[PDB]
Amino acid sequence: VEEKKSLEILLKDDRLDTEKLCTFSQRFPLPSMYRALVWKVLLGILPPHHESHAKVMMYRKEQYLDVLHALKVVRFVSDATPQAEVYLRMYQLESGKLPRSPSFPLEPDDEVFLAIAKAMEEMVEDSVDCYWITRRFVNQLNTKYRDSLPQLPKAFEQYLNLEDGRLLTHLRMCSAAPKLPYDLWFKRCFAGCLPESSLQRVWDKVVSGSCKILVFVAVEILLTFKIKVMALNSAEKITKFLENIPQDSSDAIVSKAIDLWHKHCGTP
């Protein structure tokens, strides 16, 4: 509870120090009420001057409506379309990769967006905030982390070795190491894997500038379900388990994963 008050001090500045909001979000978990605000400031959706906030959100609102309306003009979306699919189509239009028809199949990258859009939907209730956060969150993965994300699978082994080499050995025994759901962990950032109440505490860190956190979440999953995994003896049996993990343990997993991340990377 003492943590929440120190944040409110940062939020009272007429001009928000984005640097300090990161270092806070890195160290501490965000209060539920302030999550949307902080994420928006860090992602550049809102500027640091919180007198402009109202005026800027107006632009973001008009943009949302303009785009959405355009999709209805070209018969790309109707009221029957799910909201996550709408956000996808809006994102495609804004980034200039709208296909010719809705019937055209969805490519791998589109299904990543769709998984995240569904996760964000539970975290953020406002349609406009949800879209804009999803947008900038996913855009961050393909720009700020374009060269970082592909190197996480290598790091996942390296750091698992440092916490439990025998478990790593067992994975390599079953030739299961190469077939782990790396795309679920490091392209979708655990969207569809962990429940959103826990997952958002992970995304606190991803927004605030660190993608390496995702590795230590993945590591902690294996540590947590060690006994269960060591019982299995097939790459296919192992992967199938990791794609449908128990949802009740995820609260602990995230907490432990953050400690693990702080331990190995020694954040300021």
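Residue indices: 1-based, along the sequence shown.
Checked against the record, the higher mean CA B factor of 47 to 55 and 66 to 74 lies with 47 to 55. Residue set 114, 173, 93, 189: peak C-alpha B-factor at 173 (per PDB entry). Ranked by Cα temperature factor within the chain, residue 208 sits in the lowest third according to the deposited record.
Sort the chain's modelled residues by C-alpha temperature factor and residue 106 lands in the highest third, per the entry. Among all modelled residues in its chain, residue 100 ranks in the highest third by Cα B-factor.
Among the modelled residues of its chain, residue 79 has a C-alpha B-factor that falls in the highest third according to the deposited record. Sort the chain's modelled residues by C-alpha temperature factor and residue 223 lands in the middle third, per the entry.
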